[PDB]
Each structure stands twice: as structure tokens, then as C-alpha cells.
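Below is one structure, written out as C-alpha cells, with a few remarks after it.
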Amino acid sequence: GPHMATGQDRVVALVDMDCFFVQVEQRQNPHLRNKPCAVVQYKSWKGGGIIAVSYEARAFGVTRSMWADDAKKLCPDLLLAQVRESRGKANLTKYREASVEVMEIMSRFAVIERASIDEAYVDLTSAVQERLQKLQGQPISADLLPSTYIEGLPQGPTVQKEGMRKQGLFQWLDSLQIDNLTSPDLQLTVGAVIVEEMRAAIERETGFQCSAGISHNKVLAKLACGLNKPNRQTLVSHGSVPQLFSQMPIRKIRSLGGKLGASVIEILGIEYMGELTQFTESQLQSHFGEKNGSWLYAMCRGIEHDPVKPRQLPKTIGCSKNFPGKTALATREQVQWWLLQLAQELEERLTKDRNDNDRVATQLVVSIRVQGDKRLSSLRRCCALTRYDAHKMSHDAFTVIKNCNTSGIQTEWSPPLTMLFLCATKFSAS
DNA sequence: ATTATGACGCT
DNA sequence: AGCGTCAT
Ligand SMILES: Nc1nc2c(ncn2[C@H]2C[C@H](O)[C@@H](COP(=O)(O)NP(=O)(O)OP(=O)(O)O)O2)c(=O)[nH]1
Ligand SMILES: [Mn+2]
Ligand SMILES: [Mn+2]
């Protein structure tokens with residue numbers, strides 16, 4: 001009872017940009033704004049592959065991973081923006097630079113954990129304590145939460161979406177105990193006020209809209225963020241978890257959408273996250289390992305301890321290109337030319353990284369996939385990265401992979417290569 | 001012939 | 001170190 005820690009110590013937010021690459025292109029090209037729009041890479045094969053979709057286009061069924069030609073069958077007026085091509089490959093520099101814009105704004109409010117090109121976690125615990133001090137016990141006005149949903153409300157004792165949002169927010173605020181500076185629900189509410197301010201700053205200073213989740217840990221904050229996109233934020237309280245998880249398919253939790261989540265479902269004969277509560281910690285550890293078992297035992301109760309890491313920058317910088325079907329690399333000249341193309345992009349990104357961030361990569365990882373292998377990587381080899389020079393890096397990558405070529409002929413490459421991947425790792429302060 | 005990444009756990 | 005998983 002009283003000693004049963006409830007994982008309510010922290011206030012954690014997850015901010016995720018809405019249809020991010022689409023918004024970057026819509027900012028640049030006003031003709032694309034407020035339209036069914038998608039971003040594609042390449043064009044020749046089936047119109048290119050869609051990687052981002054505006055909410056207007058999603059209403060027609062357009063999704064990521066869809067070929068543009070098929071998307072056009074669902075949405076004939078779909079507008080398309082193509083990712084830049086440089087050195088024969090997709091070049092995502094524009095979106096990385098836009099990401100840096102957003103991360104630098106978020107960092108004004110708290111130390112952030114960059115989790116992807118378009119999202120970051122925020123530990124707002126200390127900022128919340130400060131704002132609570134400033135409030136001096138003053139209640140929180142609904143006017144300070146103009147885009148916030150409270151998950152699970154309204155309940156009990158109404159036709160429009162905004163009206164439902166305001167009803168739930170009123171029920172939440174009316175039940176708040178604001179004389180207690182240690183009430184977790186109050187702390188979450190102040191966190192949501194701060195996140196409204198952060199999201200307002202992002203939109204004012206970049207033009208980009210985003211959604212967010214506010215809860216007591218990273219997994220619940222990420223889930224919350226998804227609940228009401230686009231352009232809204234959602235508060236998931238500790239008390240909302242039993243109802244939320246009672247119908248939540250296990251795969252919707254981050255980390256359980258693959259083989260492990262399938263094994264939870266099959267071994268235990270359950271469907272929903274809430275059903276996990278009936279098992280002991282030891283039972284879950286016996287099926288899924290000590291670490292996964294403890295994580296599942298806590299997570300189905302709304303509890304997770306993974307910290308928001310103080311990391312605004314990516315840990316690795318990588319360049320990769322697939323060579324599908326008849327485009328697979330089958331000569332030594334081809335392999336060297338594309339290694340050089342990847343290495344040149346890598347050199348340019350690394351040199352800019354060193355200038356901006358006062359650090360140097362020290363290890364080069366070379367990954368390839370060979371024809372007939374379904375795995376992502378057929379082989380990974382590391383070597384030393386001592387100079388930011390594309391010719392040296394491509395020569396070294398060739399040296400570490402060249403023993404892959406089973407062809408006796410010096411010129412041919414067999415079996416052909418369907419992917420090259422260069423990734424710079426192990427950064428040191430320079 | 002989804003693609004280009006990036007994080008992280010395991011042994 | 002190299003591989004596998006999850007993600008998207
Ligand atoms: N190259 C590449 N980029 C991708 C891929 N998948 C996503 N991206 C890029 C394009 C995406 O814009 C961006 C962010 O990914 P999300 O947050 O998962 N999706 P979004 O922000 O579009 O919509 P929502 O409002 O639902 O969050 O990452 C991929 O497979 N390949
Ligand atoms: Mn997003
Ligand atoms: Mn995202």
C-alpha cells in the first residue's frame with residue numbers, strides 16, 4: 001500500500017512533429033499548404049516511395065511505404081514533393097537542418113533527448129517545480145491549456161470535437177488539488193502548461209506544428225502524443241492507465257510491435273496490455289527474460305524508469321543506399337564508385353558536424369547486404385576513422401569488405417551487392 | 001523493388 | 001566486435 005511506489009516521480013513529455021517532411025516542404029512551397037500532399041524518394045520505380053503524408057492525404061488512405069503511383073489511385077489530386085538527390089542517392093540534409101531548428105527551440109525549456117529526426121523527450125520535473133513555486137497555489141485556468149486533451153475524460157454525466165475536449169478539461173481541472181505542490185496530477189497539469197508554451201514557440205519560430213504527450217515516463221508520453229494528432233497535446237495521468245490499457249493491443253506499446261510482442265500474445269494467450277497485470281513478475285521473467293519481464297510487469301501498471309538522456313545530437317552519422325533487383329552492384333568498379341559516393345556524402349556531413357558540435361568520429365562501420373539474403377545487413381565490419389577524407393574512407397571500406405567477393409574474376413562482384421552502408425561512430429570531443 | 005536511417009540489446 | 005530487433 002503506502003510503500004508501493006507508483007512511478008509518478010517525474011513529468012516527461014514527448015514532442016513529435018506532425019507529418020514532418022511534408023511540413024518542411026509546405027513551408028518552402030506555399031502551393032502545397034493545406035493540400036493532400038506526400039513526400040517521396042526517387043521517381044522512376046512506381047512513382048517513388050512515400051515516406052511522409054499530410055493529414056488531408058491520409059483521409060484518402062495514403063500511407064507511408066506506399067508507391068506514389070498507387071497513392072495516386074486513391075487520391076488523384078495528391079501533390080508530391082521529392083527528396084533531393086545528390087551523388088546518385090537520396091539526401092536528407094534539408095530535414096536534418098529543420099530538425100536542428102526545432103531541437104534548439106525545445107532545448108530552451110529543458111534538456112532534451114533527441115529520439116529521432118522529428119521528436120524529442122523532455123524531463124519537465126524541475127521546470128514544473130519552478131512554475132508551481134511561481135503559481136503560489138493559484139489554480140490553473142483552462143485558457144492556459146487551449147490544445148490539451150485529458151485522456152479518459154469526460155466521463156459519466158457534447159456533439160462537437162472541441163466541445164468534448166473542453167468538457168474533459170473542465171472535469172480534470174475541477175478535480176485538481178492545487179494546494180498540494182507534490183500532487184502528481186497537478187504536476188502533470190503544469191507540465192502540460194509548459195508544453196503548450198513550447199509548442200507555441202516551435203510554431204511561432206519555425207512555422208511547424210507538432211503534437212505532444214505528457215505523462216510520468218517516456219512510454220506513456222509517446223503513446224499519449226499519438227492519441228490526438230495532429231496539432232494537439234494529450235495528458236495521460238497515472239489514474240487513466242487501467243482503462244486505457246484494458247483495450248490497448250499489446251503491439252501499440254513502443255518495443256512490443258515485433259517478435260517479442262507476438263510472443264507475449266501467443267505464450268500468455270492475451271490480447272491487451274491490461275491483461276498483463278494478472279501475472280507475477282517472476283512469471284513474466286520466466287517467459288521473456290529478466291529484463292523484459294521486469295519491464296513488462298511495471299509497464300502494464302503505467303510504470304517505467306528509462307531516463308530522458310541528455311542528448312540533443314545523434315550518436316552516429318550514416319549514409320546508406322539499396323540496390324534492388326537488377327540494379328545490384330556486380331562489378332568492382334561499381335562497388336568502388338558507390339562507396340565513394342556514400343563516403344563523399346559522409347565526409348560532408350562529418351565535416352559540418354565537427355564544425356557545429358566540437359567532436360570527431362573515430363570508427364567507421366561498413367555494412368553490406370548480398371543478393372538472396374533477406375536480412376537487413378549481410379555483414380558488418382569496423383575500421384579506424386582517422387581522417388575526414390572520402391577517398392580514404394571509401395578505400396578503407398573496400399578493404400574491409402573485399403573478402404566478400406566470391407568471384408574468382410578480379411573485375412566481377414559475386415554475388416551482387418544490394419546495399420551499401422557507411423556509418424561514423426564513437427565520437428570524441430575535439 | 002520500400003528506403004534511409006538511427007537506437008540499442010545480446011553474446 | 002559482429003549480429004539481431006525495433007522502429008519508421
Ligand atoms: N528516409 C526515411 N524517412 C522516413 C521513414 N519513415 C519516416 N521517415 C521520415 C519522414 C517523416 O516525416 C519523419 C518523422 O517520422 P514520423 O514521426 O514517424 N512521421 P510524421 O512526422 O511524417 O507524421 P506524424 O504526424 O504521424 O508523426 O521521418 C523512412 O522509412 N525512411
Ligand atoms: Mn512526426
Ligand atoms: Mn516521429
Side-chain angles (χ1 to χ4, degrees), chain A residues 16-17 19-21 38-53 63-71 82-96 99 113-121 218-219 222 226 250-263 288-292 295 306-307 309 311 313-328 338 341-342 345-346 349 361 363-369 371 373-384 400-401 404 416 418-427:
Chain A
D16 184 282
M17 309 304 296
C19 52
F20 183 48
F21 290 15
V39 169
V40 287
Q41 332 176 94
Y42 307 117
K43 204 70 190 93
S44 289
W45 192 271
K46 300 210 169 108
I50 292 177
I51 55 171
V53 186
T63 67
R64 105 169 248 286
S65 303
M66 196 173 272
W67 298 114
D69 287 351
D70 302 327
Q82 309 185 246
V83 173
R84 178 184 154 200
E85 162 281 307
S86 300
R87 313 184 182 280
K89 66 179 293 297
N91 190 295
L92 309 175
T93 296
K94 187 196 302 184
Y95 315 104
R96 288 190 187 99
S99 178
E113 178 180 348
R114 180 196 197 269
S116 84
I117 200 164
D118 93 319
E119 75 211 77
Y121 295 91
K218 292 206 293 185
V219 166
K222 174 64 179 181
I250 281 160
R251 67 179 179 276
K252 309 290 199 175
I253 273 62
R254 64 200 213 74
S255 87
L256 300 185
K259 274 150 145 203
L260 172 63
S263 79
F288 311 114
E290 166 185 6
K291 179 156 156 222
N292 287 335
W295 184 87
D306 187 28
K309 278 91 105 216
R311 201 200 23 96
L313 309 170
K315 280 158 146 102
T316 59
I317 295 188
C319 291
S320 72
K321 181 162 177 51
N322 290 358
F323 302 94
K326 275 165 212 90
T327 77
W338 280 109
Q341 299 325 287
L342 284 182
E345 178 185 330
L346 188 57
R349 285 168 59 192
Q363 184 176 77
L364 179 75
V365 178
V366 189
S367 180
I368 72 188
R369 172 177 56 161
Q371 202 153 58
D373 193 346
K374 154 201 177 144
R375 300 178 296 171
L376 174 42
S377 168
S378 295
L379 169 163
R380 256 162 284 176
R381 296 281 197 266
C382 69
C383 69
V400 310
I401 72 164
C404 279
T418 53
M419 170 288 261
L420 301 178
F421 190 359
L422 297 182
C423 167
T425 71
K426 283 144 155 34
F427 283 87

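First the proteins, then the strands, lettered A, B, ... as listed; each starts at 1.
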| request: Give the rounded distance in Å between these two atoms: NZ of A:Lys259 and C1' of C:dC6. | output: 11 Å
| query | Which part of the nucleic acid, if any, lies within contact of A:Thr327, taking any heavy atom under 4.0 Å across all strands shown: a base, the sugar-phosphate backbone alone, or nothing? | reply | base
| message | Quick check: on DNA chain C, is the nucleotide nearest A:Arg375 upstream (toward 5') of the one nearest A:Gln363, or the reverse? Name the residue that is more 5'. | response | A:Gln363
| task | If a protein heavy atom is under 4.0 Å from the base, mark B; if only from the sugar-phosphate, S; if neither, -; do that for nucleotides 4-11 of chain B going 5' to 3'. | result | SBSSSSS-
| field | A:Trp295 CH2 to C:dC6 P, straight-line distance once rounded to whole Å | value | 11 Å
| note | The side-chain contact (heavy atoms from CB on, under 4.5 Å) partners of A:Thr63 (sequence neighbours excluded) come to A:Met66
| message | Measure CD1/A:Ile50 against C1'/C:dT8 and give the value in whole Å, please. | response | 14 Å
| request: Using a cut-off of strictly less than 4.0 Å, decide whether A:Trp67 has a side-chain nitrogen or oxygen near OP1 or OP2 of B:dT2. | output: yes
| query | Taking CE from A:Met17 and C1' from C:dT8, how many angstroms apart are they, rounded to a whole number? | reply | 17 Å
| remark: A:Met66 atom CE is separated from B:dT3 atom P, nearest whole Å, by 16 Å
Enumerate donor-acceptor pairs with a distance under 3.5 Å from any side-chain N or O in residues 84-92 of chain A to protein atoms, sequence neighbours excluded.
{"from": "A:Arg84", "atom 1": "NE", "to": "A:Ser86", "atom 2": "OG", "distance (Å)": "2.9"}
{"from": "A:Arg84", "atom 1": "NH2", "to": "A:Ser86", "atom 2": "OG", "distance (Å)": "3.2"}
{"from": "A:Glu85", "atom 1": "OE2", "to": "A:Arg87", "atom 2": "N", "distance (Å)": "3.4"}
{"from": "A:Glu85", "atom 1": "OE2", "to": "A:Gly88", "atom 2": "N", "distance (Å)": "3.0"}
{"from": "A:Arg87", "atom 1": "NH1", "to": "A:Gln344", "atom 2": "OE1", "distance (Å)": "2.5"}
{"from": "A:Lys89", "atom 1": "NZ", "to": "A:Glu345", "atom 2": "OE1", "distance (Å)": "2.8"}
{"from": "A:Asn91", "atom 1": "OD1", "to": "A:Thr93", "atom 2": "N", "distance (Å)": "3.0"}
{"from": "A:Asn91", "atom 1": "OD1", "to": "A:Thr93", "atom 2": "OG1", "distance (Å)": "2.6"}

| field | Separation of atom CZ in A:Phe21 from atom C1' in B:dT3, rounded to whole Å | value | 11 Å
| field | Residue list, side-chain contact (heavy atoms from CB on, under 4.5 Å) with A:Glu113, at least two apart or on another chain | value | A:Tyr121, A:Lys218, A:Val308, A:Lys309, A:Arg311
| query | Within less than 4.0 Å of OP1 or OP2 of C:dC6, is there a side-chain N or O belonging to A:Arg254? | reply | no
| field | Partners passing side-chain contact (heavy atoms from CB on, under 4.5 Å) against A:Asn322 (at least two apart in sequence or in another chain) | value | A:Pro324, A:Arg369, A:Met419
| Residue list, side-chain contact (heavy atoms from CB on, under 4.5 Å) with A:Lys43, at least two apart or on another chain | A:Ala68, A:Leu80, A:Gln82
| request: Using a heavy-atom cut-off of under 4.0 Å over every strand shown, decide if A:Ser255 touches base, sugar-phosphate, or nothing. | output: sugar-phosphate
| On a whole-Å scale, what distance lies between the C1' atoms belonging to B:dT2 and C:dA7? | 14 Å
| Rounded to whole angstroms, how far apart are CZ on A:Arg251 and P on C:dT8? | 13 Å
| task | Check the distance between C:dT5's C1' and A:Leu256's CG and give it to me in whole angstrom. | result | 12 Å
| said: Please give me the minimum heavy-atom distance between A:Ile50 and A:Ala71, naming the atom from each residue. | reply: CD1-CB, 3.5 Å
| Hey, does the side chain of A:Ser367 reach the backbone of A:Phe421 with a donor-acceptor pair shorter than 3.5 angstrom? | no
